[PDB]
Amino acid sequence: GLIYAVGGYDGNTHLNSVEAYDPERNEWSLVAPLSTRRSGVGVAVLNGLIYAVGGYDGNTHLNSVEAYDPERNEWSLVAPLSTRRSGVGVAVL
Amino acid sequence: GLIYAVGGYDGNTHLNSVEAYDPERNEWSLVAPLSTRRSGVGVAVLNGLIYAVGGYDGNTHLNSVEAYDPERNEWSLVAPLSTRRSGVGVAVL
Amino acid sequence: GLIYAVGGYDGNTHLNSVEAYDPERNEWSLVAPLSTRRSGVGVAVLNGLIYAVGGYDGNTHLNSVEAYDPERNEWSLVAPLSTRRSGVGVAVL
């Protein structure tokens, strides 16, 4: 029941930070950041984990993928994509 | 059972417009626009509302967030992110 | 139970390729590509299909929309948006 906002680009850097919105309280709070800065990142939820797929870290388009476990507040890197992808769409089916 | 397309960038302006697709009829129709133009916007659905998170309005990267109620066809602004984020990934967990 | 990564931009071209992640095996595999290269594409899942909405193909911002049927491994084009939209957010409600 939370909305997670993962990465992106502010007016100054590509972001590794992640924040979560609680609609009951109308508040966002920062949680554990990604391993890598990622804008243009695709995000999906599968088996209670949040996957962050691809993006751009300021230095290169990314093929890496990492998964967030809310029960532990940590991200871990998993198998990368076949190709670097920023501006990627992600869905779970 | 509708697909909402929120904001974006055409070949001429960043967009505040929003349109909804009905697969039964293979048609898109325009609904109420966002308060702000937003490309690179993250969108998620929680408690029957559509949240539009961050993006870019042509003038600045955005920390603002707004929520759409389909029963009223209106968007309203809620608490902003801690940081401006365009190219942000959003998921609900 | 798979995560699909649709389109995007590598360090060399806008992408029509699509790959699917199986968390049980920690592997991605390439499936049928989109009709069009699409970065900045919005993706959502409705009635067992994956919709790819808008984006950019290297030549132009896109109003086209296509839908993937995993049982047939094919994409087909459906009704386009009213407006070209890349950097578009997409959700299903």
# chains A, B, ... in the order shown; residues from 1 in each chain; ligands from 1
call {"tool": "closest_atom_pairs", "arguments": {"of": "chain C", "to": "chain B", "cutoff": "10 Å", "atoms": "only C-alpha atoms", "output": "CSV"}}
result
residue,atom,partner,partner_atom,distance
C:40,CA,B:40,CA,7.6
C:41,CA,B:8,CA,9.5
C:42,CA,B:5,CA,7.8
C:43,CA,B:5,CA,9.6
C:44,CA,B:3,CA,7.4
C:45,CA,B:3,CA,8.6
C:46,CA,B:1,CA,7.0
C:47,CA,B:1,CA,8.3
C:51,CA,B:3,CA,8.7
C:53,CA,B:5,CA,7.6
C:54,CA,B:5,CA,8.9
C:55,CA,B:8,CA,8.8
C:56,CA,B:10,CA,9.4
C:60,CA,B:11,CA,7.4
C:61,CA,B:10,CA,5.9
C:62,CA,B:10,CA,7.7
C:63,CA,B:10,CA,8.5
C:78,CA,B:26,CA,6.9
C:79,CA,B:26,CA,5.8
C:80,CA,B:28,CA,7.6
C:81,CA,B:28,CA,6.2
C:82,CA,B:28,CA,7.1
C:83,CA,B:10,CA,6.8
C:84,CA,B:10,CA,4.6
C:85,CA,B:8,CA,4.9
C:86,CA,B:8,CA,5.1
C:87,CA,B:40,CA,4.4
C:88,CA,B:8,CA,4.1
C:89,CA,B:6,CA,5.0
C:90,CA,B:5,CA,4.7
C:91,CA,B:4,CA,5.4
C:92,CA,B:3,CA,4.5
C:93,CA,B:2,CA,5.5
call {"tool": "select_by_dssp", "arguments": {"residues": "stretch 23-64 of chain A", "states": "strand (DSSP E or B)", "output": "count of residues only"}}
result
17
call {"tool": "calpha_fit_and_write", "arguments": {"fixed": "chain C", "moving": "chain B", "output": "mmCIF file with N, CA and C atoms, in the first residue's frame"}}
result
data_model
loop_
_atom_site.group_PDB
_atom_site.id
_atom_site.type_symbol
_atom_site.label_atom_id
_atom_site.label_comp_id
_atom_site.auth_asym_id
_atom_site.auth_seq_id
_atom_site.Cartn_x
_atom_site.Cartn_y
_atom_site.Cartn_z
ATOM 1 N N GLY B 1 4.069 -14.152 -14.067
ATOM 2 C CA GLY B 1 5.213 -14.180 -13.167
ATOM 3 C C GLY B 1 6.543 -13.854 -13.797
ATOM 4 N N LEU B 2 6.537 -13.207 -14.945
ATOM 5 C CA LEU B 2 7.734 -12.743 -15.613
ATOM 6 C C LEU B 2 7.756 -11.226 -15.638
ATOM 7 N N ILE B 3 8.951 -10.652 -15.682
ATOM 8 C CA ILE B 3 9.128 -9.219 -15.872
ATOM 9 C C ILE B 3 9.553 -9.002 -17.320
ATOM 10 N N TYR B 4 8.791 -8.209 -18.048
ATOM 11 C CA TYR B 4 9.138 -7.829 -19.403
ATOM 12 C C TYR B 4 9.791 -6.464 -19.431
ATOM 13 N N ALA B 5 10.917 -6.352 -20.105
ATOM 14 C CA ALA B 5 11.607 -5.117 -20.414
ATOM 15 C C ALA B 5 11.434 -4.821 -21.896
ATOM 16 N N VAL B 6 10.784 -3.699 -22.191
ATOM 17 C CA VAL B 6 10.298 -3.368 -23.509
ATOM 18 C C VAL B 6 11.035 -2.128 -24.014
ATOM 19 N N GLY B 7 11.732 -2.274 -25.143
ATOM 20 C CA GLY B 7 12.346 -1.144 -25.792
ATOM 21 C C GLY B 7 13.400 -0.463 -24.939
ATOM 22 N N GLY B 8 13.536 0.834 -25.133
ATOM 23 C CA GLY B 8 14.572 1.629 -24.510
ATOM 24 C C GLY B 8 15.638 2.105 -25.483
ATOM 25 N N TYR B 9 16.762 2.519 -24.900
ATOM 26 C CA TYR B 9 17.874 3.104 -25.678
ATOM 27 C C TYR B 9 19.117 2.536 -25.058
ATOM 28 N N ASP B 10 20.003 1.992 -25.874
ATOM 29 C CA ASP B 10 21.276 1.447 -25.354
ATOM 30 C C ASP B 10 22.252 2.599 -25.597
ATOM 31 N N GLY B 11 23.531 2.350 -25.599
ATOM 32 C CA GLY B 11 24.433 3.439 -26.011
ATOM 33 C C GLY B 11 24.563 3.576 -27.529
ATOM 34 N N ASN B 12 23.669 3.037 -28.404
ATOM 35 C CA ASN B 12 23.914 3.008 -29.855
ATOM 36 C C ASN B 12 22.671 3.157 -30.729
ATOM 37 N N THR B 13 21.525 2.600 -30.330
ATOM 38 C CA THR B 13 20.264 2.772 -31.054
ATOM 39 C C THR B 13 19.083 2.775 -30.066
ATOM 40 N N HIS B 14 17.943 3.361 -30.490
ATOM 41 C CA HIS B 14 16.655 3.105 -29.862
ATOM 42 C C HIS B 14 16.245 1.677 -30.217
ATOM 43 N N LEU B 15 15.576 1.004 -29.291
ATOM 44 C CA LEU B 15 15.443 -0.440 -29.326
ATOM 45 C C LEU B 15 14.017 -0.852 -29.639
ATOM 46 N N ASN B 16 13.883 -1.847 -30.521
ATOM 47 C CA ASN B 16 12.601 -2.542 -30.621
ATOM 48 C C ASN B 16 12.585 -3.868 -29.847
ATOM 49 N N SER B 17 13.712 -4.283 -29.273
ATOM 50 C CA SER B 17 13.781 -5.593 -28.656
ATOM 51 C C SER B 17 13.084 -5.601 -27.293
ATOM 52 N N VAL B 18 12.693 -6.831 -26.907
ATOM 53 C CA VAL B 18 11.921 -7.086 -25.695
ATOM 54 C C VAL B 18 12.493 -8.349 -25.065
ATOM 55 N N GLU B 19 12.677 -8.345 -23.741
ATOM 56 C CA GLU B 19 13.195 -9.503 -23.048
ATOM 57 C C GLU B 19 12.424 -9.708 -21.758
ATOM 58 N N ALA B 20 12.384 -10.948 -21.304
ATOM 59 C CA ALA B 20 11.562 -11.357 -20.184
ATOM 60 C C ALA B 20 12.432 -12.047 -19.138
ATOM 61 N N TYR B 21 12.215 -11.692 -17.869
ATOM 62 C CA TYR B 21 12.975 -12.207 -16.741
ATOM 63 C C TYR B 21 12.158 -13.208 -15.954
ATOM 64 N N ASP B 22 12.777 -14.366 -15.710
ATOM 65 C CA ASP B 22 12.190 -15.392 -14.876
ATOM 66 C C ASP B 22 12.893 -15.385 -13.542
ATOM 67 N N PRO B 23 12.257 -14.916 -12.465
ATOM 68 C CA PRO B 23 12.980 -14.875 -11.178
ATOM 69 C C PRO B 23 13.376 -16.256 -10.657
ATOM 70 N N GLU B 24 12.679 -17.321 -11.056
ATOM 71 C CA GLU B 24 13.016 -18.648 -10.551
ATOM 72 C C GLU B 24 14.372 -19.104 -11.058
ATOM 73 N N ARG B 25 14.786 -18.706 -12.155
ATOM 74 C CA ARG B 25 16.008 -19.053 -12.843
ATOM 75 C C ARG B 25 16.973 -17.891 -12.928
ATOM 76 N N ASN B 26 16.623 -16.671 -12.504
ATOM 77 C CA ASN B 26 17.510 -15.529 -12.633
ATOM 78 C C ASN B 26 18.067 -15.395 -14.046
ATOM 79 N N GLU B 27 17.177 -15.441 -15.039
ATOM 80 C CA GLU B 27 17.602 -15.311 -16.420
ATOM 81 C C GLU B 27 16.614 -14.453 -17.205
ATOM 82 N N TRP B 28 17.177 -13.679 -18.117
ATOM 83 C CA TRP B 28 16.429 -12.914 -19.103
ATOM 84 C C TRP B 28 16.515 -13.640 -20.440
ATOM 85 N N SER B 29 15.451 -13.614 -21.238
ATOM 86 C CA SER B 29 15.507 -14.143 -22.598
ATOM 87 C C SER B 29 14.756 -13.220 -23.534
ATOM 88 N N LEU B 30 15.293 -13.081 -24.727
ATOM 89 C CA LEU B 30 14.686 -12.238 -25.745
ATOM 90 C C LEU B 30 13.493 -12.914 -26.405
ATOM 91 N N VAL B 31 12.434 -12.140 -26.629
ATOM 92 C CA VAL B 31 11.202 -12.625 -27.244
ATOM 93 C C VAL B 31 10.930 -11.793 -28.502
ATOM 94 N N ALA B 32 9.716 -11.790 -29.001
ATOM 95 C CA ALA B 32 9.436 -11.053 -30.228
ATOM 96 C C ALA B 32 9.603 -9.550 -30.029
ATOM 97 N N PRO B 33 10.258 -8.846 -30.944
ATOM 98 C CA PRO B 33 10.416 -7.407 -30.827
ATOM 99 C C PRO B 33 9.154 -6.655 -31.204
ATOM 100 N N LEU B 34 9.083 -5.417 -30.737
ATOM 101 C CA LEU B 34 8.079 -4.468 -31.172
ATOM 102 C C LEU B 34 8.138 -4.239 -32.676
ATOM 103 N N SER B 35 7.029 -3.709 -33.232
ATOM 104 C CA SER B 35 6.952 -3.306 -34.661
ATOM 105 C C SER B 35 7.865 -2.121 -34.898
ATOM 106 N N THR B 36 8.072 -1.314 -33.862
ATOM 107 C CA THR B 36 8.785 -0.035 -33.945
ATOM 108 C C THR B 36 9.791 0.089 -32.811
ATOM 109 N N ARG B 37 10.903 0.725 -33.052
ATOM 110 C CA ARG B 37 11.820 1.079 -31.947
ATOM 111 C C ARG B 37 11.052 2.044 -31.037
ATOM 112 N N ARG B 38 11.200 1.891 -29.714
ATOM 113 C CA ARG B 38 10.474 2.755 -28.765
ATOM 114 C C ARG B 38 11.281 2.978 -27.496
ATOM 115 N N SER B 39 11.838 4.164 -27.285
ATOM 116 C CA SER B 39 12.320 4.527 -25.957
ATOM 117 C C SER B 39 11.393 5.562 -25.348
ATOM 118 N N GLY B 40 11.461 5.738 -24.033
ATOM 119 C CA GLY B 40 10.490 6.623 -23.410
ATOM 120 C C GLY B 40 9.083 6.086 -23.550
ATOM 121 N N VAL B 41 8.937 4.776 -23.569
ATOM 122 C CA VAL B 41 7.699 4.062 -23.825
ATOM 123 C C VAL B 41 6.995 3.743 -22.529
ATOM 124 N N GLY B 42 5.682 3.872 -22.487
ATOM 125 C CA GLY B 42 4.923 3.414 -21.337
ATOM 126 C C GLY B 42 4.386 2.019 -21.570
ATOM 127 N N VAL B 43 4.389 1.204 -20.540
ATOM 128 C CA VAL B 43 3.993 -0.192 -20.661
ATOM 129 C C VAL B 43 3.022 -0.533 -19.555
ATOM 130 N N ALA B 44 1.920 -1.202 -19.902
ATOM 131 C CA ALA B 44 0.994 -1.692 -18.895
ATOM 132 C C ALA B 44 0.417 -3.021 -19.327
ATOM 133 N N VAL B 45 -0.164 -3.725 -18.382
ATOM 134 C CA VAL B 45 -0.690 -5.060 -18.594
ATOM 135 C C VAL B 45 -2.185 -5.017 -18.343
ATOM 136 N N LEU B 46 -2.955 -5.504 -19.305
ATOM 137 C CA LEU B 46 -4.441 -5.518 -19.220
ATOM 138 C C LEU B 46 -4.978 -6.723 -20.000
ATOM 139 N N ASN B 47 -5.778 -7.570 -19.361
ATOM 140 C CA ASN B 47 -6.402 -8.781 -19.983
ATOM 141 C C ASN B 47 -5.343 -9.723 -20.560
ATOM 142 N N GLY B 48 -4.262 -9.909 -19.832
ATOM 143 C CA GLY B 48 -3.214 -10.849 -20.241
ATOM 144 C C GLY B 48 -2.405 -10.352 -21.418
ATOM 145 N N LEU B 49 -2.531 -9.086 -21.824
ATOM 146 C CA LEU B 49 -1.702 -8.520 -22.868
ATOM 147 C C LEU B 49 -0.807 -7.432 -22.296
ATOM 148 N N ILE B 50 0.344 -7.230 -22.913
ATOM 149 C CA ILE B 50 1.217 -6.111 -22.587
ATOM 150 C C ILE B 50 1.041 -5.029 -23.639
ATOM 151 N N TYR B 51 0.677 -3.831 -23.221
ATOM 152 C CA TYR B 51 0.571 -2.700 -24.133
ATOM 153 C C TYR B 51 1.809 -1.826 -24.047
ATOM 154 N N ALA B 52 2.380 -1.491 -25.187
ATOM 155 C CA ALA B 52 3.460 -0.538 -25.354
ATOM 156 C C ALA B 52 2.877 0.707 -26.004
ATOM 157 N N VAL B 53 2.952 1.816 -25.285
ATOM 158 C CA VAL B 53 2.265 3.053 -25.600
ATOM 159 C C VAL B 53 3.302 4.136 -25.910
ATOM 160 N N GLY B 54 3.242 4.693 -27.124
ATOM 161 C CA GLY B 54 4.055 5.823 -27.476
ATOM 162 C C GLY B 54 5.537 5.521 -27.424
ATOM 163 N N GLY B 55 6.311 6.549 -27.126
ATOM 164 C CA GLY B 55 7.752 6.470 -27.170
ATOM 165 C C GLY B 55 8.362 7.288 -28.295
ATOM 166 N N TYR B 56 9.573 6.890 -28.706
ATOM 167 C CA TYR B 56 10.357 7.557 -29.752
ATOM 168 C C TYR B 56 11.120 6.470 -30.511
ATOM 169 N N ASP B 57 11.167 6.567 -31.847
ATOM 170 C CA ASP B 57 11.773 5.498 -32.644
ATOM 171 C C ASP B 57 13.104 5.871 -33.304
ATOM 172 N N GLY B 58 13.659 7.025 -32.924
ATOM 173 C CA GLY B 58 14.883 7.581 -33.542
ATOM 174 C C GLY B 58 14.535 8.613 -34.602
ATOM 175 N N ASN B 59 13.358 8.521 -35.219
ATOM 176 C CA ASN B 59 12.936 9.396 -36.343
ATOM 177 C C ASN B 59 11.856 10.362 -35.864
ATOM 178 N N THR B 60 11.002 9.961 -34.917
ATOM 179 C CA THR B 60 9.835 10.764 -34.490
ATOM 180 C C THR B 60 9.241 10.324 -33.149
ATOM 181 N N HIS B 61 8.618 11.269 -32.364
ATOM 182 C CA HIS B 61 7.821 10.865 -31.179
ATOM 183 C C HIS B 61 6.620 10.097 -31.735
ATOM 184 N N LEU B 62 6.084 9.156 -30.974
ATOM 185 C CA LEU B 62 5.139 8.182 -31.488
ATOM 186 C C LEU B 62 3.773 8.345 -30.839
ATOM 187 N N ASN B 63 2.719 8.280 -31.648
ATOM 188 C CA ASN B 63 1.374 8.079 -31.113
ATOM 189 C C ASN B 63 0.917 6.624 -31.194
ATOM 190 N N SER B 64 1.713 5.729 -31.792
ATOM 191 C CA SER B 64 1.242 4.373 -31.989
ATOM 192 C C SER B 64 1.323 3.562 -30.695
ATOM 193 N N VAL B 65 0.497 2.498 -30.688
ATOM 194 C CA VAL B 65 0.322 1.625 -29.536
ATOM 195 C C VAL B 65 0.263 0.201 -30.065
ATOM 196 N N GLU B 66 0.947 -0.716 -29.392
ATOM 197 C CA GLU B 66 0.891 -2.104 -29.801
ATOM 198 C C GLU B 66 0.780 -2.999 -28.582
ATOM 199 N N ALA B 67 0.225 -4.179 -28.782
ATOM 200 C CA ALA B 67 -0.125 -5.090 -27.708
ATOM 201 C C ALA B 67 0.511 -6.452 -27.956
ATOM 202 N N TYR B 68 1.096 -7.039 -26.900
ATOM 203 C CA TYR B 68 1.794 -8.313 -26.962
ATOM 204 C C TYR B 68 0.957 -9.411 -26.327
ATOM 205 N N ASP B 69 0.815 -10.514 -27.072
ATOM 206 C CA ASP B 69 0.144 -11.690 -26.564
ATOM 207 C C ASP B 69 1.211 -12.726 -26.267
ATOM 208 N N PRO B 70 1.502 -13.012 -24.994
ATOM 209 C CA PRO B 70 2.548 -14.018 -24.713
ATOM 210 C C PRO B 70 2.232 -15.410 -25.238
ATOM 211 N N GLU B 71 0.971 -15.748 -25.444
ATOM 212 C CA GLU B 71 0.665 -17.109 -25.863
ATOM 213 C C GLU B 71 1.056 -17.336 -27.312
ATOM 214 N N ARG B 72 1.141 -16.265 -28.090
ATOM 215 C CA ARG B 72 1.519 -16.316 -29.482
ATOM 216 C C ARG B 72 2.866 -15.675 -29.753
ATOM 217 N N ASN B 73 3.463 -15.028 -28.766
ATOM 218 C CA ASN B 73 4.735 -14.319 -28.981
ATOM 219 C C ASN B 73 4.596 -13.366 -30.166
ATOM 220 N N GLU B 74 3.558 -12.531 -30.168
ATOM 221 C CA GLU B 74 3.493 -11.480 -31.228
ATOM 222 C C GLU B 74 2.867 -10.182 -30.726
ATOM 223 N N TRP B 75 3.325 -9.135 -31.338
ATOM 224 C CA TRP B 75 2.799 -7.789 -31.073
ATOM 225 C C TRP B 75 1.860 -7.421 -32.202
ATOM 226 N N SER B 76 0.816 -6.655 -31.933
ATOM 227 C CA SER B 76 -0.020 -6.126 -33.003
ATOM 228 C C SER B 76 -0.377 -4.698 -32.671
ATOM 229 N N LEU B 77 -0.437 -3.881 -33.706
ATOM 230 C CA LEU B 77 -0.784 -2.473 -33.549
ATOM 231 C C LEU B 77 -2.286 -2.270 -33.393
ATOM 232 N N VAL B 78 -2.670 -1.380 -32.485
ATOM 233 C CA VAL B 78 -4.064 -1.095 -32.182
ATOM 234 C C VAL B 78 -4.292 0.402 -32.411
ATOM 235 N N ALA B 79 -5.345 0.964 -31.863
ATOM 236 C CA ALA B 79 -5.620 2.377 -32.098
ATOM 237 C C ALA B 79 -4.552 3.279 -31.492
ATOM 238 N N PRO B 80 -4.054 4.268 -32.224
ATOM 239 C CA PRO B 80 -3.055 5.178 -31.680
ATOM 240 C C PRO B 80 -3.654 6.205 -30.733
ATOM 241 N N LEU B 81 -2.769 6.775 -29.926
ATOM 242 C CA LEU B 81 -3.132 7.913 -29.063
ATOM 243 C C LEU B 81 -3.591 9.102 -29.906
ATOM 244 N N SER B 82 -4.264 10.058 -29.264
ATOM 245 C CA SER B 82 -4.670 11.335 -29.900
ATOM 246 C C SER B 82 -3.440 12.159 -30.219
ATOM 247 N N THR B 83 -2.377 11.979 -29.441
ATOM 248 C CA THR B 83 -1.169 12.813 -29.548
ATOM 249 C C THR B 83 0.081 11.948 -29.435
ATOM 250 N N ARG B 84 1.139 12.359 -30.081
ATOM 251 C CA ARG B 84 2.441 11.694 -29.886
ATOM 252 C C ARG B 84 2.840 11.893 -28.421
ATOM 253 N N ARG B 85 3.385 10.845 -27.789
ATOM 254 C CA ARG B 85 3.785 10.940 -26.386
ATOM 255 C C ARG B 85 5.013 10.058 -26.176
ATOM 256 N N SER B 86 6.169 10.666 -25.902
ATOM 257 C CA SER B 86 7.256 9.921 -25.297
ATOM 258 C C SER B 86 7.481 10.416 -23.878
ATOM 259 N N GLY B 87 8.176 9.633 -23.066
ATOM 260 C CA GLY B 87 8.281 9.991 -21.661
ATOM 261 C C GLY B 87 6.930 9.972 -20.987
ATOM 262 N N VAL B 88 6.056 9.088 -21.436
ATOM 263 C CA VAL B 88 4.674 8.982 -21.004
ATOM 264 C C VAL B 88 4.540 7.996 -19.867
ATOM 265 N N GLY B 89 3.707 8.298 -18.888
ATOM 266 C CA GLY B 89 3.389 7.344 -17.840
ATOM 267 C C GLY B 89 2.108 6.605 -18.173
ATOM 268 N N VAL B 90 2.050 5.324 -17.883
ATOM 269 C CA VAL B 90 0.905 4.489 -18.242
ATOM 270 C C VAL B 90 0.499 3.670 -17.038
ATOM 271 N N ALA B 91 -0.801 3.632 -16.743
ATOM 272 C CA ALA B 91 -1.310 2.756 -15.703
ATOM 273 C C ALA B 91 -2.678 2.231 -16.090
ATOM 274 N N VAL B 92 -3.095 1.181 -15.420
ATOM 275 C CA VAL B 92 -4.328 0.486 -15.730
ATOM 276 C C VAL B 92 -5.237 0.611 -14.531
ATOM 277 N N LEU B 93 -6.447 1.071 -14.764
ATOM 278 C CA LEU B 93 -7.399 1.304 -13.679
ATOM 279 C C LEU B 93 -8.780 1.063 -14.230
#
